[PDB]
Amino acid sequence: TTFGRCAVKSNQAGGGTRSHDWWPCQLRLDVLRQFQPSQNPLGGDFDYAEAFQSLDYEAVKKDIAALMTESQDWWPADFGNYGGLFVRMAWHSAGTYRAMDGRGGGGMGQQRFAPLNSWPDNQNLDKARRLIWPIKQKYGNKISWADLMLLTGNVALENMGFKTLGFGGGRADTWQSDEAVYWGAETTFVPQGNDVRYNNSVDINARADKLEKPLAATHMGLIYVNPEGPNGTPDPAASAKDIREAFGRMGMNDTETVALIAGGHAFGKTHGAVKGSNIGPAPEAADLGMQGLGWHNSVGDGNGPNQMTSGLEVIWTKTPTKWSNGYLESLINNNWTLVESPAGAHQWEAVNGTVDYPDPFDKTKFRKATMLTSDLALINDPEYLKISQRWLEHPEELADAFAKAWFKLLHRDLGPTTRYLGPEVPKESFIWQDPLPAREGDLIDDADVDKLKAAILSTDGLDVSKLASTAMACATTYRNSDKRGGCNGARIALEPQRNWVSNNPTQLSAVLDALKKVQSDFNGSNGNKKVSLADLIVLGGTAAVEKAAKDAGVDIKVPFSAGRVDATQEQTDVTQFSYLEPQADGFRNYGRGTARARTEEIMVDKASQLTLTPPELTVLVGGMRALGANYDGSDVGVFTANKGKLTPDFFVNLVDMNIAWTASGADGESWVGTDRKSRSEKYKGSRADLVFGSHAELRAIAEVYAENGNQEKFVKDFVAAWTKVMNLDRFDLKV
């Protein structure tokens, strides 16, 4: 029966018809209520960085390597070596990343939760995770599951003869499914799962470059592309176009793409020994006896020669437990014919080739060379073919590219270098790490901070509104999924941010010139002290908030943490930063949504990426309005006669029943507030403004700040949230 409904209707533990069932279009605050400290079994104060740095890292790697060849009878090792399986585990963990929204990736260890634990493409990776569990058990909280799944892959490569660039730990574990990711709207998995992302187009060559943004896989439940070919059609040329699209959506270019696929498929094999009808439910659907595993295979013991994962039965090289150039040799030198695997799937077998590909359980049995459609892709696109042919001839260039791309794969969502832990962090800085320079000079102190705040506030062209607006515009580029963005680097002053329409470029230029004047007056006049433009942008907003609170009758300390540095344009890639450009910004009343993402939904999504709770989101919006900090200085949402004073007037006026709110535009984005007694139009509001008086949970918070006498609490809460947001990217600061 029906999608998303259990046949048995529970009457316990949340069972029954729910609010989101009745009103499924209503804004949900779920994404702001994930990952809370109380839900974390290690405690909200657990410091993973401190724990990992005490880890006996060399012993961990030695233990992983030993485990690679300790075959467990419940899931025997192919060729006596789990290396391939472990590499696949790590690649699948990291491989969900989408560059555009920065979600997916290995950094939260989400493979161990729903839905990723049960995606078809992750079949039998439950066995891989269970095999490495003893390492986690031994070393405890000093290595996270997130770090372990990836380190295991890295160690596996090295112990199969491929030296990597190194590794960085530092991924703190998470403790619930991340239900904030848009993986797609399809209600089916691969082999279906993609009508929506191709908008019902089935012309596989024509549609390949039309995959729905921000998605990076060609079906729901896949990592990147379909190994049988697009929609299971065994056409390598069309497969290549899907690969370029999907890898492009994960942030990889042609060279990196070939290197990753040719590199990975040096190792191990696929599994398609028996038909899929022999395979039981995925882990989330499996019975208690499976104890977190799934896909139980009822043929023989369900494992060893009977392994069934993808349905394909391909062994790429003659030495699947050792690095080689066998993949490209076979790919290019064989002639290929289309055959079926034992499970009935499309794959390719060498015509008149050698019968010397080894069987994983019988030293006396051999097979012909085989390839996936998605491997043949690499010789059925002009650019992939050029690259493949070059690396056939010069396998050392493949090894170099693969080491670099593999490091990128594993660390693309780890954030800045200051987050990377351990004794073998690669020394080279790569553009995808959004590199920052080491700091200039002696750090400014409290007395320097006080002098600079006063200098900033007395500078021509700087006022409270512009300072707060500018600081927030910088800060809200942060996203916690891939730990990119934020104020460190002062990238608002660089391309593309300085030209973002949402930053009001002409205004921003004047503000930045003013702050650069403050900088020039200070630097070289305070001994060895120097201040960055990044610190000044943040300090400016912070001084503005402090002054705005004082102007509202509240003397409060507004914390400031110095030490940001300024990035160079060379350290600031235009494409990578283009992904951080907002289409709507509720903190500064910029832009609007579209049919599939309303303005207020975009705001809540951004709030989740800033780790804000509903009260934090609410207080920040209300304070930005009081400060008059809209991107263009408009009065939209500015429901106060004391703009620039930090009061809860936004909320008080929003909930005043003498104001009637009506739509002005056709699109529902603009609203007018009319005084019911006088009949005069008093206010203009956006959806980002009015949602706080509509949504019942947000309105409950709006009410708190609208209560008589809450001027002081509002200020304290605002300053706390402001501080949190300004410091999100401060990984350089510990404890």
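Think of the rigid core as the biggest set of C-alphas that the two forms share within 1.5 Å after superposition. Counting begins at 1, following the sequence as shown.
The stretch that moves more in 4 other deposited structures of this protein, judged by CA deviation after a rigid core superposition and choosing between 465 to 473 and 526 to 534, is 526 to 534. Displacement analysis by core superposition in 4 other deposited structures of this protein ranks 517 to 525 above the other of 156 to 164 and 517 to 525 in root-mean-square C-alpha distance from the shown form.
According to the PDB record, 41 to 49 carries the higher mean C-alpha B-factor of the two stretches 683 to 691 and 41 to 49.
Of the two segments, 433 to 441 and 297 to 305, the one listed with the higher mean B-factor is 433 to 441 (C-alpha atoms only). Note on 699, 33, 677, 28: the highest value goes to 677, judged by CA B factor as recorded. Per the PDB record, 514 has a higher Cα B-factor than any other of 514, 414, 222, 156. Among all modelled residues in its chain, residue 723 ranks in the lowest third by Cα B-factor. Placement of the Cα temperature factor of residue 712 within the chain: highest third of the modelled residues, per the deposited record. In the deposited entry, the Cα temperature factor of residue 239 places it in the lowest third of its chain's modelled residues. Residue 115: CA B factor in the lowest third of modelled residues in this chain (values from the PDB entry). Sort the modelled residues of the chain by CA B factor and residue 617 lands in the lowest third.
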